[PDB]
Every structure is written in structure tokens, then in C-alpha cells.
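To find a chain, count down the sequence lines: A is the first, B the second, and so on, and within it residues start at 1.
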Amino acid sequence: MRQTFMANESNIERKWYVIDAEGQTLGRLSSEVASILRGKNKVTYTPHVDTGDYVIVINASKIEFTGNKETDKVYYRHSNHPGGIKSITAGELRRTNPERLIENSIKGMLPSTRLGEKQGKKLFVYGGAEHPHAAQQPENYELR
Amino acid sequence: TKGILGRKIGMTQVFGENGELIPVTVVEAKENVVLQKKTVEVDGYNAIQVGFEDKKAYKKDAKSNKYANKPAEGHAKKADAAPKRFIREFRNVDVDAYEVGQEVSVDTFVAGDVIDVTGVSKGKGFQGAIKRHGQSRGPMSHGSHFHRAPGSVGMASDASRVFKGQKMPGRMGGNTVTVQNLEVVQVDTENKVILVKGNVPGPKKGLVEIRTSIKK
Amino acid sequence: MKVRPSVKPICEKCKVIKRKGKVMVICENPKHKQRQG
Amino acid sequence: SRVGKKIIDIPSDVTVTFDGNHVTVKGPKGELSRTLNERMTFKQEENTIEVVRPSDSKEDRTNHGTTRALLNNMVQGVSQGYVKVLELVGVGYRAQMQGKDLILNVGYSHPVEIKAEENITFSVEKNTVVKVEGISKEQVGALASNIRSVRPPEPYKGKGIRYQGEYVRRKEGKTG
RNA sequence: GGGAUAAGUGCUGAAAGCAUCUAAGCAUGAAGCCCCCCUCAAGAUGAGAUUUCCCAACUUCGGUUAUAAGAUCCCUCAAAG
RNA sequence: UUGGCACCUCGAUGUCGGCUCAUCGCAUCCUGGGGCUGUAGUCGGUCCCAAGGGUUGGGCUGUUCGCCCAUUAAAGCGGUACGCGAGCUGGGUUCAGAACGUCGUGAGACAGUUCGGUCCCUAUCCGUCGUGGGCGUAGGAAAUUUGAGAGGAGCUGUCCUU
Ligand SMILES: [Mg+2]
Ligand SMILES: [Mg+2]
Ligand SMILES: [Mg+2]
Ligand SMILES: [Mg+2]
Ligand SMILES: [Mg+2]
Ligand SMILES: [Mg+2]
Ligand SMILES: [Mg+2]
Ligand SMILES: [Mg+2]
Ligand SMILES: [Mg+2]
Ligand SMILES: [Mg+2]
Ligand SMILES: [Mg+2]
Ligand SMILES: [Mg+2]
Ligand SMILES: [Zn+2]
């Protein structure tokens, strides 16, 4: 007998969290945040709807790497023009655009679906300790 | 660092102090007024907005761009100026040296100033690869059926496509163009004209923007 | 500089060192400078 | 690490004070402050200091030796200072003082100016013996190295700027 | 011209009492990298910013309405096509 | 590269060279930076970093190559269906004519030669170069704009002085 609960927009409640990147490892913080954004931490998780929460990440500039990733991890992109490869190292990207670093790391751990795009749009990253979302009343979230 | 707006009148020549022939462009740069002052605090960057060439006042049943509409009239009246035909910002100037409503006379530039001139190049319409991109023709004889064609657009199975940036026929000219390191030959304050050494982009009557040259 | 997979002393004054992950020989004799590669 | 174990002797005129890792040594000639390895402990005696490492790991031994050497260098720099002497070889190769800056004429079509830095003093003798004096051994070495690299010694006649005790390999320039 | 680098060149420096450009630390170093220069660019759906303009009646009181600012149709044209 | 194999294609995947248009790699020809030298200087030799840009007209030959004339800072080496024939050519090569040498009794034949000898196609899709309309960007409008991104550019001689 079919009895499995299905979340839908009428009964989904999305909260706002704040997570501090300071002293955290890029990938491990990223995987946890991605779980939160997808709603894998809710007993009402329903794959065809977004049951996830909004996440604000602060102190993106204080994320840390192990090994020599700061100089040796290279992000490549292509402009779709011949010879159009451009690269930037992980350390330089942390220096110049830490928000983008965190965002790409997290979004690479979300499915490439319309729903995954929408869920990734609930992510907000800030290099410093302040965010403009006091109006959303976010709760601190402790990793792990 | 200075800036002004003018119309291209045409080309002529002047004889220099040693009798050398100096080709010049005549730029009429009357009726330049500082309409707005943009600042880092309000707008996020510093610049002066200059309006050039008074147009007619707003009227009820206006049908052309000759008459200022109400938004433009309000914007200009805030500076206490008549409405203007062309409006451009200069970021290269010291904003503190200008007041809104100020006149910008051709006398701001002096003979010998090195300047950059920006304009819209003359339009050519739809043009082929030889004219638009300066390519070579094929043979005109020896059995040729390739004269003005653009040539091969790719290779083969690798890459089974044409790459972006391939040069092909299309509209030519009408581009923003900056010519750097021209020189102010003369300033005629009675006629409100600047003689610029050489030639500058665009048709006659086209808007030209003169700035202190960026490279030094 | 001698750049070669085989880096080793050429004379008794040659000194094997390691810099930036590379085996090298430094010596009073400039001919004997070697970097592995 | 014998260097790490070795104790630093403090002259009576030199005072060493620690603020966690960061340390500062004052003496007759000046003050030198720097941040030492955070995992190293310091036994501060009235007249001497000793450096202690926590373990016998490779990193601990290396950092112990270098920390002891650096602190001893700070002490000796405040006490006696450090000096490096270069000399100029070649006809017309001369040096002189443009106040505090050093201007060198060494076979170039232009003179070369070396601007003085804080805590460093240049002195020219006989127009051909330059000396750099300071409290920082590292800074003295760096500035002397810059002076020498302006034109280092060439092998066919030895001309150029050398450290006074430096041995310059010589070569026979011309043969039939 | 600036910033960071390559091969290098060094300073200080231990592991390893010496030595050592390297481990910590500090310099310097290419037409190359990132800028500086020129052009496009907010469909940058993350759709940004500034200045100015317009602003009421009627309503089953959700909403509508033609009008406003404005822009077009149509017409005379060219520096544009 | 010369091959080996015979796996796609024989209800067709056009084949050498040239022209037009390039694009990429670096194992670098020049220009930039270095180490060693049996580097006096001017020159060189050899190796390392470096792919930004640049890297010529002619004589002969179908030629590619190659030799030669004259230059240049230099006259790089390769991949892209030995790039590119629904972009061009058609000299060679691979139809039918004819001929020479040669082989064959002969009909004929020859990576032997010679002279002659039909190169079709109105672009549907992606791709590419231009140029418009719709809606969105939580009121409707006119101007001025930031710059996330993207593209362009990037080469070098000689002489004078020191
Ligand atoms: Mg024809
Ligand atoms: Mg393909
Ligand atoms: Mg060998
Ligand atoms: Mg078989
Ligand atoms: Mg078929
Ligand atoms: Mg290479
Ligand atoms: Mg190159
Ligand atoms: Mg081919
Ligand atoms: Mg084809
Ligand atoms: Mg033929
Ligand atoms: Mg045959
Ligand atoms: Mg015939
Ligand atoms: Zn040796």
C-alpha cells in the first residue's frame, strides 16, 4: 500500500543558517553545506522538490587548504574561443575572490539539474564577518 | 587631465613655425556645461557629466529629438543649464576642480597638449572579407572561381565546426574608436574651435570626445 | 649547469644537496654544478 | 641539535624579553625583534638563555637549531653589530658617499646609486673600500650582496666589486 | 610602468658543531603570467548603479480603466542602411 | 617516415601539389632571461627557462622536397582526414585517342616516356559572421553609467652618444 510522504511547497519550511568558514577546510565545509542546501538533513526530504535551507557562509577569506593546494590547485576555464584557456590558482582566487571560491566548491557538489541550480541559488558567501541578511534572522550552524 | 565634447567640422591644414604642412581637424566645441557630478559616495566612482550643444526646450507635441523631453529637461534644469544634445562622462578629470553648471570652454586645452580623441567611425554597411578584414583575393584568371570569397572557415572532422572569431562578411564601421596622442595645434576661443593635428574618427558633424592623453 | 638524470660527484670536492625537491651537485669547480633532470 | 642545545650568553648591557613567540632584544647599538618558532620553549636565565625543543622529530631538531642561531645572532648584533666589507678592483672603479647613499662608478656609462636603509651605515675608505655596518646580520648580508651584484668580479682581471676576503677564480684570457 | 613568478642568482639558516639559496624566514629575477593600453559587455535570470520625468478616477473595493511621462504608426530625409 | 595488422567506410569517407583562411603543440628559428665554456674583446659552442609576437621575394621543376640568386632579427619543426575541392585550381596522377623504347606470335602491356583530354549541387540542422522582434529584470519612462566576464594588441632593424 502506497503511504510514502511527499513534501510540496505548501508544507516545506526553509530556515536560514550562518556557517563560519574560519579555520575550516574548503572541501569538508563545502560537502556539509551542500547537504544542508539539498535538504538531506530533513526527515521530509523529497527528491523532486527543494526541501533544503538557505546558508550564509561568512569569513570565506579565512578558509584553509592542506598540502600545497594554495599554489598547486589550478582552476581552469575556457572562453569558447580558440586557445581560450584561462587559469587561476586556488590561493590567488582566495586572495581576490573568496566568495567565488566557496561558491564554486559548493556548487560542484550539487547536481546539474534545474533543481540543483535553484538549490545552489540559496547560498550566500561573504569574505568578511558581516552579511546583509539580518532581516532573515539566521541561526548559527555548527559543522559536523 | 581635461575633457571636452565637440562636433567634427572637417579637415584642413596649417603652416607651422618652420613652414611644415600640418593637417588638422576642426572641432567645434561650444556650449559644454557640467550637468552632473558623480562621486564615489553616491555613484561609486568619480566623474563629471558634460552636456554639449544646446537643443530646444520641451514643448507639448514634440515629434523629434530636437526638443528636450521632460526627464532630460529636469536633469538639465537641476544643473541650471539648457538641455543638451550630447551627454558624456569624463572619469579622468579632477571632480573637485568643477562645479555643476560650469561652462567648459575650449580654452581649457592649450596648443601643444597631447590628447586622445574618441568617436564613432564612419559606417560602411554590409561588407565582405576583403574590405572588412583586409583578406587576399583569389586569382582573377587562370580558371579561378575564387575572387572575393573569405576562404576556408575551418579544417575537417577535427573540429567539425567553425571556431568563434572566424572572420566573415557583416556590417563594417560604426565602432567606437580612440586615436591616441594627437596634439592640440591651436585653440580659437572666438569661434570655440580646437584644431587637432591629424584626423579623427567619424563623419563630419559626428560627436568627438577630446581627453588629455592617458599615456605619458 | 649540467642538467641530466645522472647527477653525482665528479671530484671529491663535489657536494650532493637537495633544493626544492631536486638533486643537485655544487662544487668549487663551476663545471661540476649539476641539477637532476 | 648541538646548535639548539648550546646556550646563548647575554652581555650585561643586552636585555632579552619574550612576548610568547615574539621576542625583542635591546642593546647599546639598537633593538631587534622577531617571531621565533612557536613550538620552542625558552629557559631565560639572568645571564643566559637556553632553547628547548619538545621532541626529537626532524622538524623539532631543525627549528631548534635555527631558533638558537637566530636568537644568538640578534644578541651579538645588538652587542657588537655586524659589518661586511667590499673592495673595488679596476682602474677608475670608485665609490663615494652622497650623504647617506652610496654612489659607485664601476665601468658603466652611468653611476649607480644604492640608497641606505634603516639601521644600516655605509662607509667609503680610499675611494675603493666600501663597508656596510648594521645590527641585523641578515640586512647587512643583503645590502652587501646588492652592492657586490652591482658588478661582481670577472675572472680575466678580477675587476669589479668583491668581498674583501673573497677568493676570485682567475682565468687566462688570451692565448695564441 | 606595477604585482607575482620561470630557469637562475643570492642573504640569513639549521637538520648535520662544519658546509649548505631551503627546512622555517627574507630578497632578487624573463618579450612570458596578472594588470596597465584599446573595444564589447547587466539575458552578469546574480538581470547592478546614478540623475531626471509621470502619479486618478471608477470599483463585483481582489480589480479595472483609458490616459500621464514616453514611444510609435504614417510622412520629409542621411552622417545610418 | 617506411611498414605490419585488416577493426569503420566499396546502396562512394575525392586522391598529390598550389591558392584562400587559419588553428593548435613545443621537442625554440629570432627576439627576452639564465648556467657552463678550451667565455680576453667582438664573436661563438653547449645546456636550462620561455609559445607573446614575428618568422621574405625570386630561377628550375606538377611538384612536395631539393639546389640556386638576393635578402632578413629570423627565413623553426610538427598536428589539425599528410587541416582546408558542397571555398578555388586541376599542372601530376588514375578512362576512352595517338606515339616512342621495351616485352609479347598475338590481342595487348609497362610505379617507362610523350602530346591531348567534361571538377555538379538554390544551405534544412548544428557551427560561424552580422542584424531585428518577444518577454524577463515586481510601476511606467528618458538619459548617463559600474564592470562580472570576453575579445584585441603584443614583432623587430639601423644609426648617433657613452
Ligand atoms: Mg570569374
Ligand atoms: Mg567536434
Ligand atoms: Mg653520464
Ligand atoms: Mg581476423
Ligand atoms: Mg550512404
Ligand atoms: Mg620548453
Ligand atoms: Mg612564441
Ligand atoms: Mg589533407
Ligand atoms: Mg570539403
Ligand atoms: Mg591534367
Ligand atoms: Mg599502370
Ligand atoms: Mg585539345
Ligand atoms: Zn667537483
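Base orientation at E:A31 is syn, since its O4'-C1' glycosidic dihedral falls within 90° of 0. In this structure, F:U23 shows a glycosidic angle more than 90 degrees from zero, which is the anti conformation. Glycosidic conformation of F:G35: anti, with the torsion beyond 90° of 0. In this entry the base of F:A12 is syn relative to its sugar, with a glycosidic angle within 90° of 0.
Within 4.0 Å (heavy atoms only), D:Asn73 reaches sugar-phosphate atoms of the nucleic acid but no base atom. Among the heavy atoms of the strands lying under 4.0 Å from B:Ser157 is at least one base atom, whether or not backbone atoms are also near. Within 4.0 Å of B:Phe90, counting heavy atoms only, lies no atom of the nucleic acid at all. Nucleic acid contact for C:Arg35: sugar-phosphate only, since backbone atoms but no base atoms lie under 4.0 Å from a heavy atom of the residue. If you check every strand for non-hydrogen atoms under 4.0 Å, B:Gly151 touches a base. Residue contacts for A:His81: at a heavy-atom cut-off of 4.0 Å it reaches the sugar-phosphate backbone alone, with no base atom in range. Within 4.0 Å of B:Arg85, counting heavy atoms only, lies no atom of the nucleic acid at all. Nucleic acid contact class of A:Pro82 (heavy atoms, under 4.0 Å, all strands): sugar-phosphate only. Heavy atoms of B:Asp158 sit under 4.0 angstrom from primed sugar atoms or phosphate atoms, though from no base atom. Backbone-only engagement by B:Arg161 is indicated by non-hydrogen atom pairs under 4.0 Å involving sugar-phosphate atoms exclusively. Nucleic acid contact for B:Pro203: sugar-phosphate only, since backbone atoms but no base atoms lie under 4.0 Å from a heavy atom of the residue.
In terms of position on RNA chain F, the residue among B:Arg91 and D:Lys171 whose nearest nucleotide sits closer to the 5' end is D:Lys171. Judged by closest nucleotide on RNA chain E, D:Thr66 is the one of D:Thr66 and B:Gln180 placed further toward the 5' end.
Between the CD atom of B:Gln36 and the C1' atom of F:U144 there is a distance of 7 Å, rounded to whole Å. Rounded to whole angstrom, the span from the CD1 atom of A:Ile85 across to the P atom of F:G151 amounts to 11 Å.
Under a cut-off of 6.0 angstrom, the local environment of CZ in D:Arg169 is crowded, with over 12 non-hydrogen atoms contributed by other residues, nucleotides or ligands. Shown here is D:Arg39, whose CZ atom has no more than 12 heavy atoms of other residues, nucleotides or ligands within 6.0 Å. The environment of NZ in A:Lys122 is crowded: more than 12 heavy-atom neighbours from other residues, nucleotides or ligands sit within 6.0 Å.
Residue side chain D:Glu138 reaches the base of E:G25 through a donor-acceptor N/O pair under 3.5 Å, judged by distance alone. Judged by distance alone, with hydrogens and angles left aside, A:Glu117 brings no side-chain donor or acceptor close enough to the base of E:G46 to form a pair under 3.5 Å. A donor-acceptor contact under 3.5 Å is not formed by the side chain of D:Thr62 with the base of E:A24. Between the side chain of A:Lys107 and the base of E:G46 there is at least one donor-acceptor pair of N/O atoms closer than 3.5 Å. Judged by atom type and distance alone, C:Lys31 reaches the base of F:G38 through a side-chain donor-acceptor pair under 3.5 Å. Judged by atom type and distance alone, C:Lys18 does not reach the base of E:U22 through any side-chain donor-acceptor pair under 3.5 Å.
For the pair E:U76 and E:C77, the rule of 5.5 Å between ring centres and 30° between base planes classifies them as stacked.
With both ends at atom P, the span from F:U89 to F:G85 equals 12 Å, rounded to whole Å. With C1' as the reference atom, E:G3 and F:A81 are 46 Å apart, rounded to whole Å. Rounded to the nearest Å, the gap between the P atom of F:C159 and that of F:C84 is 46 Å. Atom name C1', nucleotides E:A7 and F:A51: the rounded distance is 16 Å, in whole Å. Nucleotides E:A4 and E:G32, compared at atom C1', are 13 Å apart to the nearest Å. Using atom P as the reference point in both F:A153 and F:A27, the two lie 26 Å apart (nearest Å). Nucleotides F:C48 and F:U13 place their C1' atoms 46 Å apart, quoted to the nearest Å.
Remark: side-chain polar atoms of D:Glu166 are paired, donor with acceptor, to backbone N or O of D:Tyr163 under 3.5 angstrom. C:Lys22 contributes no side-chain N or O that, together with a main-chain N or O of C:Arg35, makes up a donor-acceptor pair within less than 3.5 Å. Counting only distance, with no hydrogens or angles, the side chain of D:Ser145 and the backbone of D:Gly141 share no donor-acceptor pair below 3.5 Å. When atom types are taken as modelled, the side chain of D:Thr66 and the backbone of D:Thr62 share no donor-acceptor pair closer than 3.5 angstrom.
Sugar pucker of E:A57: north, as indicated by a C1'-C2'-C3'-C4' torsion of positive sign. From the dihedral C1'-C2'-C3'-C4', which is negative here, one reads the pucker of F:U94 as south, toward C2'-endo. South puckering is assigned to the sugar ring of F:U118, since its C1'-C2'-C3'-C4' angle is below zero. Pucker assignment for E:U65 gives north. The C1'-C2'-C3'-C4' angle has a positive sign. Judged by the sign of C1'-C2'-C3'-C4', the sugar at E:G17 is south, the angle being negative.
At the phosphate of E:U9, OP1 or OP2 sits under 4.0 Å from a side-chain N or O atom of C:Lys33. Residue D:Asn146 places no side-chain N or O under 4.0 Å from the OP1 or OP2 atom of E:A27. Checking the phosphate oxygens (OP1, OP2) of F:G149, no side-chain nitrogen or oxygen of A:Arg77 falls inside 4.0 Å. Checking the phosphate oxygens (OP1, OP2) of F:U144, a side-chain nitrogen or oxygen of B:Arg88 falls inside 4.0 Å. A close approach under 4.0 Å does not occur between any side-chain nitrogen or oxygen of B:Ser160 and OP1 or OP2 of F:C126. Regarding contacts with the backbone of E:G13, a side-chain N or O of D:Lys137 is found under 4.0 angstrom from either OP1 or OP2. Side-chain nitrogen and oxygen atoms of B:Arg148 include none within less than 4.0 Å of the OP1 or OP2 phosphate oxygen of F:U20. OP1 or OP2 of E:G46 sits under 4.0 Å from a side-chain N or O of A:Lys121. When the side-chain nitrogen and oxygen atoms of D:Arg61 are compared with OP1 and OP2 of E:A15, none of them lie within a distance under 4.0 Å. Phosphate contact (OP1/OP2 of F:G149, side-chain N/O of A:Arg100, threshold under 4.0 Å): present. Regarding contacts with the backbone of E:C34, every side-chain N or O of A:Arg95 stays at 4.0 angstrom or more from both OP1 and OP2.
F:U156 and F:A86 make neither a Watson-Crick nor a G-U wobble pair with both donor-acceptor distances under 3.5 Å. With both atom-pair distances required to fall under 3.5 Å, no Watson-Crick or G-U wobble pair links F:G154 to F:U80.
Out of E:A15, F:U144, F:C48, the shortest distance to the side chain of D:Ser1 is found at E:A15. Nearest nucleotide to the side chain of B:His145, out of E:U12, E:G81, F:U89: F:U89. In this structure, the nucleotide among E:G13, F:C36, E:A24 sitting nearest to the side chain of C:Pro30 is F:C36. The side chain of B:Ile214 lies closest to E:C37, out of F:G35, F:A40, E:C37.
Residues C:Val25 and C:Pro9 approach most closely at CG2-N, 4.3 Å, considering heavy atoms.
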Going through the distances and angles, do A:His133 and A:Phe124 end up as a ring-ring contact (aromatic ring centres under 6.0 Å, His included)? CA-CA 9 Å; A:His133 313 295; A:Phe124 303 79; 4.8 Å; yes
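Using cut-offs of 30° and 60° for the angle between ring planes, the A:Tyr126 and A:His131 rings count as tilted.
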